[PDB]
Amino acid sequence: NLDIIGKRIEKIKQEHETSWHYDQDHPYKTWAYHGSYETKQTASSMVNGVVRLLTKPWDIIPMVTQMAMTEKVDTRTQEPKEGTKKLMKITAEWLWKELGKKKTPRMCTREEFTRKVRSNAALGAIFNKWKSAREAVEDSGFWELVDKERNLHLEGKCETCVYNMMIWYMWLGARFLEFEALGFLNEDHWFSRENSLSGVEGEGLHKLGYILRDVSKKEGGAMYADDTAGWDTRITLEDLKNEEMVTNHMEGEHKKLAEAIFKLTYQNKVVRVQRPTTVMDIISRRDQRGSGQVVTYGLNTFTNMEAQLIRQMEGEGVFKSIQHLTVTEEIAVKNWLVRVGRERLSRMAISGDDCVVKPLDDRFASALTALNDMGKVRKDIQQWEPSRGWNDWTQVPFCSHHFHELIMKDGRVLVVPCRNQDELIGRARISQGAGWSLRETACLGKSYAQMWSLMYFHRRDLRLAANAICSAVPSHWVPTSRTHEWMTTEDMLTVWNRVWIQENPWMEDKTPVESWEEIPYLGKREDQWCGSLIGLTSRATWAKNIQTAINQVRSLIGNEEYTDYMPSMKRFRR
């Protein structure tokens, strides 16, 4: 409690001494409350006009148009039983060693951090003293503040590492110290599939289907894809202590700096929350996930890999009960990990809180005691109801997608990502933040269009809309995003060949594709099942009259150099 968090709390009181009070009508039951102080302030989703003018048939589809319009944090998780705590400690110890065999923990640098801010990563900072991250990083006074907190952390204390709720934004300084100590997990790809066997970090949406098809090839039971209800709110203090064991692999300054991030900011937290009754509440708690989103991704992947290996151990009968491991169950658990752990990791695809598991057999479906007792309660099923698995890898949900096997005219086999097309069009019609020029709006539309050409070329409506947007935006204008092989001014046919043929390890024949007409679509009925408007009168008029829509947008942007991409399609090619 207050010996670790007091200084942060003490400091905040004194900046708002004219406003402090122990408000007696505070809604917090599971968060420890400290005080309140006067403030006044809050950005909604804005429509991208370039994408909307080129997707007119979707203007009357509520699932698209509603996407642009518009008491889980205040719960507590019970402490796991002694048997569960032992399983988690043994598995976590083993997993950090496997992940560390071919990697070396190391500090990330001011230089590395500076380069990140200078090409727009979502580091979750705040606006004050400087306007933006770019300005703060370029100012020697910032680094002096960073230095003060840094020496405080080496001394085992904290003053300014406080979360702001809304996503848990910190000041750029606290973000740096997090990245210095734990950035290596992402920067050096600890959760790549090569390094972690279950992980998919850095793999790309064009590989995830092939990875699930490789898991499907293993002998075993159904494929399980159980979602957890509010994963970040079910991270226990036992979880945070197993995660901290990465520091056992560190040395020198780095070990001390990383131990301080875990001890002072993760296992103890201070948060400011807006309450319209508009005060700022200063609350603390020990458990749940509140890191930067990139460290959150890696530690979620780690704890998810651990949880799923334990659920596999439960299905395989490695231990009888979570109440208590006997001396010899401990040796059996250790021995399972050493002899088959790596094989059992290869049976999984894990992206943070999202997993797919192909267990040895279907005993897994009813192996629920460790999973429930670890607090990883499944979403949308009763606590003790057996999991429903998937019999076909092409039906399994993963990372908001499903995956199709698509046969090219020349016999070669693509495995492609897919999701309901209303979700894809709805997302592309939305921009975030203020002060967007027409050029910037056009360049964001072009980013969506090029992603569609690379990932969703097999959807008739998206290949046509992608071609239309690329025809409507000046040819040399560079795709942008405010938070990815489609981010380029290279010819997208050249990029398609590099991604799906040349660099694709599942494609043995490397014969390049000469034109977009060689690149196939889903079956027409499959395209409709996944939300295509092909067959509707609105869609036929849009396709036939597309040059008129392209010319509307070209007239708004003005007299620029444009290319016609529509004749890359059979139906427009004379």
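Between two forms, the rigid core is defined as the largest C-alpha subset superposing within 1.5 Å. Quick note: we count residues from 1 along the sequence shown, nothing fancier.
The stretch that moves more in 9 other deposited structures of this protein, judged by CA deviation after a rigid core superposition and choosing between 470-478 and 184-192, is 470-478.
Larger root-mean-square CA separation from the shown form, computed after a rigid core fit of the structures in 9 other deposited structures of this protein, is seen for 417-425 when 234-242 is set against 417-425. Where the other entries of this protein model the residues before and after it, residue 127 is dropped from at least a third of them.
For residue 41, the fraction of other compared entries lacking coordinates, among those that model flanking residues, reaches at least a third. Per the record, residue 391 and residue 392 follow each other directly, and no deposited residue is missing between them. According to the record, the deposited sequence contains no missing residues between residue 384 and residue 385, so the chain is continuous there. Stretch comparison (184-192 versus 268-276) by mean CA B-factor in the PDB entry places 268-276 on top. Mean CA B-factor, 5-13 versus 561-569: the higher value falls on 5-13. Taking only the listed residues 407, 305, 88, 117, the entry reports the highest CA temperature factor at 117.
Highest C-alpha temperature factor among 134, 218, 289, 106, as the PDB entry reports it: 134. Per the PDB record, residue ranking by Cα B-factor puts residue 51 in the lowest third of the chain.
When the modelled residues of the chain are ordered by their C-alpha B factor, residue 282 lands in the highest third.
Residue-level temperature factors show residue 537 in the middle third of its chain, judged at the C-alpha atom. Ranked by Cα temperature factor within the chain, residue 506 sits in the middle third according to the deposited record. In the PDB entry, residue 483 places in the highest third of its chain by CA B-factor.
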